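Read-outs throughout are calculated quantities, based only on the coordinates presented, and are distinct from any laboratory measurement. A quick note on method: Cβ atoms are made from the backbone with ideal geometry, for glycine too, and the neighbour counts reach across all protein chains shown.
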Amino acid sequence: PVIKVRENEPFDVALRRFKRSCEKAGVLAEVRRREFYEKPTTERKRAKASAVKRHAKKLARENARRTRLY
Amino acid sequence: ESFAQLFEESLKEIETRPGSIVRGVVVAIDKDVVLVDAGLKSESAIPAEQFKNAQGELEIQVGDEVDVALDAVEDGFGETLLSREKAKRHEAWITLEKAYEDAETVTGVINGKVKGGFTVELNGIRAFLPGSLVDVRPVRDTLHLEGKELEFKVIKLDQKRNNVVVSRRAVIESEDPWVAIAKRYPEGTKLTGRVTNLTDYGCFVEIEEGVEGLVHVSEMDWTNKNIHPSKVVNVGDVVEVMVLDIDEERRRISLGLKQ
Amino acid sequence: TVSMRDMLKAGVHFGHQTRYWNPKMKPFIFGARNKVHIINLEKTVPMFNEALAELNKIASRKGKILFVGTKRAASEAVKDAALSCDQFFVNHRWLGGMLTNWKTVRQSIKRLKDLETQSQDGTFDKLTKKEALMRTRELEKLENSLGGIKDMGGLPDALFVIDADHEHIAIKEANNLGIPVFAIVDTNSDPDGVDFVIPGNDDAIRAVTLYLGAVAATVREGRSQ
Amino acid sequence: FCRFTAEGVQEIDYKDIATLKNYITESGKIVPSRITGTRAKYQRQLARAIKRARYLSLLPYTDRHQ
Amino acid sequence: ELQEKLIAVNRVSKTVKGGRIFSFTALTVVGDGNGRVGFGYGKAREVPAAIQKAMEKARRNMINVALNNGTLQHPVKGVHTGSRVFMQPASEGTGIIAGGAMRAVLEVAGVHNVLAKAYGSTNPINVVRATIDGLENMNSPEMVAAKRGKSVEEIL
Amino acid sequence: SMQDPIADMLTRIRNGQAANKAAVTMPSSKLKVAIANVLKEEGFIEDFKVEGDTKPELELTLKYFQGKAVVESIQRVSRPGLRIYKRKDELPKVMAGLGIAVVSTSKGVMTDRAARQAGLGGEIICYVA
Amino acid sequence: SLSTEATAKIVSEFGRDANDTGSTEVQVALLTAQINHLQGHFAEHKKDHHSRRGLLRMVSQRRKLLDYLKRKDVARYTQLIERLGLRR
RNA sequence: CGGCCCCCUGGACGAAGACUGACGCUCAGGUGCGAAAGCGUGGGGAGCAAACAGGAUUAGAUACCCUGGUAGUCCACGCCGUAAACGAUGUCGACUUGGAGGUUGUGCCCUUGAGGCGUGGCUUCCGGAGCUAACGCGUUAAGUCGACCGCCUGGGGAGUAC
């Protein structure tokens, strides 16, 4: 996330840009992930579980949507 | 018999997929929903806003015929994509007509450049063009009487992404998105883009030849968090948006609307 | 009676998208144009005619017909159809156990009737404003629900339906009691509960109207006979 | 909306650095097939090419390193 | 004309904030001494009411059974849930050789002569159902002839 | 691997009956053909039709009376794992005579009743009801 | 795997027609050659278990083929086993 | 089983043809492969960390938390032969409504464009008939059948003793 302040650019704006860049990188997230050792099994489980959740969100909810709430 | 088989291939022969054949007769009007029947499986829920012309009031009663569009079938119940895009093809045909005699003539009136090219509006629709196209020379329509009457002489068109810059006054004078993503880049180039779907965090305005823009929720207005983008703008509408940010790598052009 | 050309014009031949189909409707389907299922009009028409005939026959023995269509697009039309041949109908949401649980619903009907009488024949007026309002609301509710079936008395001797998948509860009820069913059945719907299936476009308004009209005519004819 | 299907390329080239550069991050990372919309078959190839390039110092492993 | 036999009555509970709410289930079966049979399963806070309900249920949703004289037409198996049931036609005089719930259903049906074992579960409700199923499926000679496109003498 | 062709055929027939299939096709065999013929005679199927020279396909045409299927039950009895041979006195009665038992005898494949009449038993192929 | 040319050569020698390729004897020969080739590999790479599985399978197949040959036609089998030098 | 490269090497799938001509399926004993930990001999040892030590916490804390930390984890060659070694679902074959995908071929079609119409392999989810104690399974069956094998017979005692 290397950044250079442009000529006649505000500080705040620059900071914001930097933040955005960082977010894009996913650096903080990566750091968080590597704080502690995740057993392979655990890693697998999370990934599959997450996937399942995503699938549920996509399809079941869509089905629900077809019918009106009131 | 084979009467029906022949009738089927006949009816295949006498329809096409896009909004081309002006076939749907308006068979019920109620504000705010028009509805047609172009020989499809169901009737369209048409907005009223694909059919009022240039000052706000309706133009077509019962029996009237506009084609719509297609290639999308069944979201649960219903049939179409809107006929207003239909209209775009007609506009494209008129723009194309230029090529034949190297001069399309209508009226173009361009007061100012959102992103470096005066805006030209033809009939109901208004389009944005690159900065040169508005004036033949360095004349500049800022000194001209505001929203003046000329025509449009075309300066530049982008051929994939739809941006057309046209020539006001001077009658006498006569893979693919992502490599060179530096055209609308530089900090704040304003664009005219139709929104597609508003995902409760976003609005997804994306027009410039196979890209994706967001205008997510933070700008959109001059209130931050209580906004809910479906209330505040539209569905399917061409708006004020500019880039504010491009990543040509993780294709996220992050446009804005508070400008 | 009803011609093929007319049906075509209406938009009977159109069906639902291919992903929403029922494979029990594979006999009644002809093909798939632009990823949308086309109902076979050669197989539909005779069936339709048969159904009409049956309806007429029913009418002739003084049969009570019930017209069901709670789509909300063709709610106006079904009511009209019903009224033309002075028969009964359910154009708004079918009350779960209308027929199976008639004896309870008979009380509701009675109540509605009473309310109507109070409104009209009494001419008393002089009622507390909130109470009066409440009464009015109740009346409205009843009318919406059971307006068509208030003069039905008992159970109907046949049941005409505009969509089988949408009115499955009604259909099921009719099967439990054994009332003949005359359902319009699009490609997505299930024809197994239906006695006299009619393969046709439930969704399109003009088609629905057409379906109604012929039926009404046949009922009238039966009555005349 | 894959580029390589349309171009109809037999194999992605690590030497074709410019092309690669569209699919790499500002931070050097290879961009996901969700974002680019690259076809799966091609994506792997692209990745491989990028890796090769990195070995040959044609592309950088990361923005920071020096 | 209809005969009606309450097979079983069972007390069933529902736990609530206070304690246990008790109720009674009545399994009955009714028949006209000919083909027609129907079981009913009724439930109420008091027994008699429950029984009545069951009877009412039974009286509607009856079912016809083809009976060659006093007995069945051929050996027939019937299953439902745990209860799997075998019943076999038998010579005049032998009586209903069958156990429990199964017997009752047979009696009302107007079978007089059967050899019938209930394998598996003998949960009255299930077993009666099984019996009913068995009876229902059982086809006659005439019916079979009709099915096959033959006369009765061709089948024997 | 395919170990019992007759059994397979029977299974196919059953499935057809279940699924309301008009006709059921399979690779032809002489025994199979005979069985089909027998069935036809006894009136459980409409017609059978063998077709082909190199690898011929037997096609049975299933029967449906009043909606439901005709072949109510159809089980193999003899099977490669465990063969069943009956003497003319020990020959069974399927559904107390209402169904049939296909039995292969020295004088060709026939229904159980036929076999009895002849005065000979044999390998019991299948019960059909 | 066995190189194309080698395979062709093998086919030509053992196969009667040379276009045949599927002759039992020919197949056996092909198998045998492959086995021979793989011996060298496996001397080097003793822990390559996965690869060895394939070899084992091939061997089994060859054995089966031999057995088949034996019941059908003994003389031919004998000839084959002389040619290849298969102890059985 | 996961950076990249090379060498040796096993299987799978498709496309057409050509050939062989039942050579097949299953398999008690038998043979092999078999995570992690563990063992032996010789190397290696950054990080992590059973054991151990101290600091906390606590009524206690032979734990959880913290600071350290050795076997081990890594390599070579042997042994061990077990795991919720799981889809808690033996292998092989046949047959029985559908939908939405993913992946990897391949035939035709104006690829007029990212497409259009098929046809094969493997695969994720939903669901019909049927099945099931129900939960659920559902063309990758737990459906309808056949072939072979393995295994179960109340809980504990015990997968223990001899």
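Using just the C-alpha positions of segment B:13-86 as equal point scatterers, what log10 of I(q)/I(0) does the Debye formula give at each q in 0.12, 0.20 1/Å?
With one equal scatterer per Cα and no solvent, log10 I(q)/I(0) is -0.29, -0.80.
Taking the C-alpha atoms of chain G, how large are the radius of gyration and the largest Cα-Cα span, Dmax, in Å?
Cα-based Rg and Dmax for chain G come out at 13.5, 41 Å.
Among the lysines, which fall within straight-line cross-link reach of D:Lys15, defined as a Cα-Cα distance under 26 Å, with same-chain neighbours fewer than 8 residues apart omitted?
Cα-Cα hits under 26 Å: D:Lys29, D:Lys41, D:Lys51.
Rank these for me by crowding, B:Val232, A:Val31, going from fewest to most other beta carbons within 10 Å.
Final ranking by Cβ density, sparse to dense: A:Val31, B:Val232.
For B:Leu244, C:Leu99, G:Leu2, what's the fewest-to-most ordering of other Cβ within 10 Å of each Cβ? Working shown, then result.
Values: B:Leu244 18, C:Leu99 23, G:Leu2 14.
In order of increasing Cβ crowding within 10 Å: G:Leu2, B:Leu244, C:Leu99.
Principal axis extents for segment F:74-128, Cα atoms only, whole Å, descending order, please.
Its Cα atoms span 29, 24, 17 Å along the three principal axes.
How long are the semi-axes of the equivalent ellipsoid of segment C:70-184, taking √(5λ) for every eigenvalue λ of the Cα gyration tensor, in whole Å from largest down?
29, 15, 13
Dividing the alpha-carbon Rg of segment B:60-104 by 2.2 N^0.38 Å yields what?
1.61
Efficiency by 1/(1 + (r/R0)^6): what FRET value for A:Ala47 and C:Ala53, r their Cβ-Cβ distance, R0 = 60 Å, to the nearest 0.05?
Working: r = 63 Å, r/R0 = 1.04.
Plugging the Cβ-Cβ distance into 1/(1 + (r/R0)^6) gives 0.45.
Mind running the shape call on segment E:3-63? Use the C-alpha gyration tensor, a ≥ b ≥ c as the square roots of the eigenvalues: rounded below 1.5 for a/c, prolate if a/b tops b/c, oblate otherwise. It would help to have the intermediate numbers written out before the result.
Numbers: a/c = 3.68, a/b = 3.26, b/c = 1.13.
Prolate is the answer for segment E:3-63, as a/c is 1.5 or above and a/b outweighs b/c.
Sort C:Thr218, E:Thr131 so the one with the fewest other Cβ atoms within 10 Å of its own Cβ comes first.
By the 10 Å Cβ count, ascending: C:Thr218, E:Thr131.
What is the set of long-range amide H partners of B:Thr107 at a cut-off below 5 Å, with H atoms built 1.01 Å from backbone N?
B:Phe152
Give me the net charge of E:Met87's neighbourhood, meaning all other residues with Cβ under 9 Å from the Cβ of E:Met87; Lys, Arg count +1, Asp, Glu -1.
Cβ neighbours under 9 Å give a net charge of +2.
Determine the calculated [θ] at 222 nm for chain G from helices alone, applying -39500 (n - 2.57) to every DSSP H run no shorter than 4 residues and normalising by the residue count; nearest 500 deg cm²/dmol.
That calculation yields -25500 deg cm²/dmol at 222 nm.
If you average 1/r across every pair of different Cα atoms in segment F:5-69 and take the reciprocal, what Kirkwood value do you get, in Å?
11.8
Between segment F:98-129 and segment B:59-78, how far is it from one alpha carbon centroid to the other, in angstrom?
68
Please list log₁₀ I(q)/I(0) at q = 0.24, 0.28 Å⁻¹ for segment A:1-56, using the Debye equation with identical point scatterers on the alpha-carbon positions.
Treating every Cα as an identical point scatterer, log10 I(q)/I(0) equals -0.96, -1.06.
Determine the calculated [θ] at 222 nm for chain D from helices alone, applying -39500 (n - 2.57) to every DSSP H run no shorter than 4 residues and normalising by the residue count; nearest 500 deg cm²/dmol.
-13000 deg cm²/dmol
Which number comes out as Rg/Rh for chain E once both Rg and the Kirkwood Rh are worked out on C-alpha atoms?
So for chain E, dividing Rg by the Kirkwood Rh gives 1.07.
Gaussian network model of chain E, Cα springs within a sub-10 Å range: biggest mean-square fluctuation belongs to which of E:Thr122, E:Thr25, E:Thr15?
Largest GNM mean-square fluctuation: E:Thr15.
Net charge around B:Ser20, counting only other residues with Cβ within less than 15 Å of its Cβ (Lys, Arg = +1; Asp, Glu = -1)?
0
Once you have the Kirkwood Rh of chain F from its Cα pairs, apply Stokes-Einstein at 10 °C and 1.306 mPa s and quote D in µm²/s.
The estimated diffusion coefficient comes to 106 µm²/s.
Less than 21 Å apart at the alpha-carbon level, and either on another chain or at least 8 residues along: which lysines does that give for F:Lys88?
F:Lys107
Under DSSP H, which helices of chain G have Cα atoms covering 20 Å or more of the helix axis and a Kyte-Doolittle average no less than -0.5?
Numbers: long enough: G:24-44 (31 Å, 0.16); G:49-72 (34 Å, -1.26).
Span-like helices here: G:24-44.
Out of E:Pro141, E:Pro75, E:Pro124, any idea which swings most in a Gaussian network model of chain E, alpha carbons joined below 10 Å?
E:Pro141
Report the rotationally averaged projected area of segment E:64-148 based on its alpha-carbon convex hull, in square nanometres.
Average of the hull's projected areas for segment E:64-148 equals 5.2 nm².
Sum up the charges of everything whose Cβ sits under 12 Å from the Cβ of C:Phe48, counting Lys and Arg as +1 and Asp and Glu as -1, but leave C:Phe48 out.
-3
Mind jotting down the distance between the C-alpha centroids of segment E:39-80 and segment C:113-187, whole Å?
35
What is the ratio of the Cα radius of gyration of the protein assembly as shown to 2.2 N^0.38 Å, with N the residue count, to two decimals?
The value comes to 1.33.
In Å, what Rg and Dmax follow from the Cα atoms of chain B?
Cα radius of gyration and Dmax of chain B are 20.9, 72 Å respectively.
Between 0 and 90 degrees, rounded to the nearest ten: what's the tilt of helix F:5-19 against the longest Cα principal axis of chain F?
60
Can you show me the helix-derived [θ] at 222 nm for chain B, built from DSSP H runs with n ≥ 4 at -39,500 (n - 2.57) apiece and divided by the number of residues, rounded to the nearest 500.
It comes out at -4000 deg cm²/dmol, rounded to the nearest 500.
For segment C:1-68 and segment B:112-141, write down the distance between their C-alpha centroids in whole Å.
56
Between F:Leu62, F:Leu31, F:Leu39, where does the largest GNM mean-square fluctuation fall for chain F, given springs only between Cα atoms within less than 10 Å?
Among F:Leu62, F:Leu31, F:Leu39, the largest mean-square fluctuation in the Gaussian network model of chain F belongs to F:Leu31.
Evaluate the distance, in nm, between pseudo-label points positioned 7 Å from the Cα of B:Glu13 and of B:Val27 along their respective Cα→Cβ axes.
So the label points at B:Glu13 and B:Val27 sit 2.5 nm apart.
If the limit is 22 Å between Cα atoms, which of C:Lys43/C:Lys172; B:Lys12/C:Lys35; B:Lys86/B:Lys183; C:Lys172/E:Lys57; E:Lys77/F:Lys30; A:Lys57/B:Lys41 go over it?
Over 22 Å Cα-Cα: C:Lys43/C:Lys172; B:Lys86/B:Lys183; E:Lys77/F:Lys30; A:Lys57/B:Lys41.
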